[PDB]
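Engineer: Once you've had a glance at the structure underneath, I'll fire off some questions.
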Amino acid sequence: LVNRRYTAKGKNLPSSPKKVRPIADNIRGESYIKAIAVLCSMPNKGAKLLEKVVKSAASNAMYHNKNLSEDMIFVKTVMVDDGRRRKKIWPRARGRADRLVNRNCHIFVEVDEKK
RNA sequence: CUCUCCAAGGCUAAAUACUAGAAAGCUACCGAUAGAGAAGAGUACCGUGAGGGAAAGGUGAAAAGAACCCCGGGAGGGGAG
Numbered sequence: 002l003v004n005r006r007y008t009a010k011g012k013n014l015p016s017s018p019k020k021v022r023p024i025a026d027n028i029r030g031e032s033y034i035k036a037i038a039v040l041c042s043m044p045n046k047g048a049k050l051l052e053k054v055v056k057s058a059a060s061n062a063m064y065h066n067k068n069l070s071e072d073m074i075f076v077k078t079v080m081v082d083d084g085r086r087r088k089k090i091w092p093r094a095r096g097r098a099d100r101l102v103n104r105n106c107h108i109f110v111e112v113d114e115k116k
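Residue numbers (the UniProt record's numbering): 2 to 116.
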């Protein structure tokens, strides 16, 4: 399905997919300007990560299609998958130890020329 | 009774038992949770000490390891090779 000419992919980003998915929901299908404004405004780590990926995707589309400006582009699809995990130890009382997982996420954004 | 042997001195190879190992091989033996604990090891780590004791193999036929350009602080990705 993907026009892989027009897309950006960010692998192993430092956030959990459970925390990045809602921000993706708020910009799926929006216009590029509106999405960029939302991601700049909202003060979430996932918001910043999506901002970088979305800007890169728009940049790729513009570079390969010179007659496409910032205001004919809309964020067609947005996917947020889960990535590698790292386990570190959190020690507790009575010699008990717990393992403390750190999750990463993959982010895939494709933009497309507006309707 | 008869029959056998000559102690209170000392020696003796081979047939026998064994392979940590060195050389050459065989396998209705294993093919990475298997096979030695260990394909990288008595290492990491644990205990004052004696001692206990892991996990982790695979690009391609050849690095020919991505010149260069673009987004990005990088990472990562999109082209070109």
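Beta carbons are placed, not taken as given, at the ideal position from N, Cα and C, and that holds for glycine.
1) Quick check on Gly30: buried or exposed, where buried means 16 or more other Cβ atoms within 10 Å of its Cβ?
2) Could you check where the beta strand (DSSP E) with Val3 kicks off and where it finishes?
3) Starting from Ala94, trace the beta strand (DSSP E) in both directions and tell me its first and last residue.
4) Flag this pair as touching only if the stretch 43-51 and the stretch 87-103 have three or more C-beta atom pairs under 8 Å; answer yes or no.
5) Using 10 angstroms around the beta-carbon of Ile34, count the other beta-carbons present and answer buried if the total reaches 16, otherwise exposed.
6) Considering only DSSP beta bridges, list what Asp82 is partnered with.
7) Indicate whether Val55 and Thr78 have their beta-carbon atoms separated by less than 9 Å.
8) Quick test of your reading: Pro23 and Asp82, contact by CB under 8 Å. State the CB separation rounded to the nearest angstrom.
9) Name the residue from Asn4, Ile37 and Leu51 whose alpha carbon lies nearest to the alpha carbon of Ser16.
10) Can you tell which of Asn61, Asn13, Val76 and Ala9 has the C-alpha that lies nearest to the C-alpha of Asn103?
11) If I follow the unbroken beta strand (DSSP E) through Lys53, where does it start and stop?
Structural biologist: Let's see:
1) Indexing the first sequence from 1 puts residue 30 at position 29. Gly30 should be labelled exposed.
2) Within the first sequence, the letter at position 2 stands for residue 3. First-last for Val3: undefined, no H or E at that position.
3) Position 93 of the first sequence, counting from 1, holds the residue named residue 94. Segment: none, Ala94 is in no beta strand (DSSP E) and carries neither H nor E.
4) no
5) Here residue 34 refers to the residue found at position 33 when the first sequence is read from its first residue. Classification of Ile34: exposed, given that the 10 Å Cβ count is below 16.
6) As a working note, residue 82 is residue 81 in the first sequence. For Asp82, which the question treats as bridged, DSSP gives the partners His107.
7) Mapped onto the first sequence, residue 55 falls at position 54. Mapped onto the first sequence, residue 78 falls at position 77. No, the Cβ-Cβ distance between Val55 and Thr78 is not below 9 Å.
8) For the purposes of this step, residue 23 is taken as the residue at position 22 of the first sequence. For the purposes of this step, residue 82 is taken as the residue at position 81 of the first sequence. Contact flag wrong, Cβ pair sits at about 15 Å.
9) Locating residue 16 in the first sequence gives position 15, counting from the first residue. The option with the nearest alpha carbon to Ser16 is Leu51.
10) Along the first sequence, one-based indexing puts residue 103 at 102. Out of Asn61, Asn13, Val76 and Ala9, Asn13 has the C-alpha closest to the C-alpha of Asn103.
11) As a position in the first sequence, residue 53 is number 52, starting the count at 1. Careful: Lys53 lies outside any beta strand (DSSP E), inside the alpha helix (DSSP H) at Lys46 to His65.
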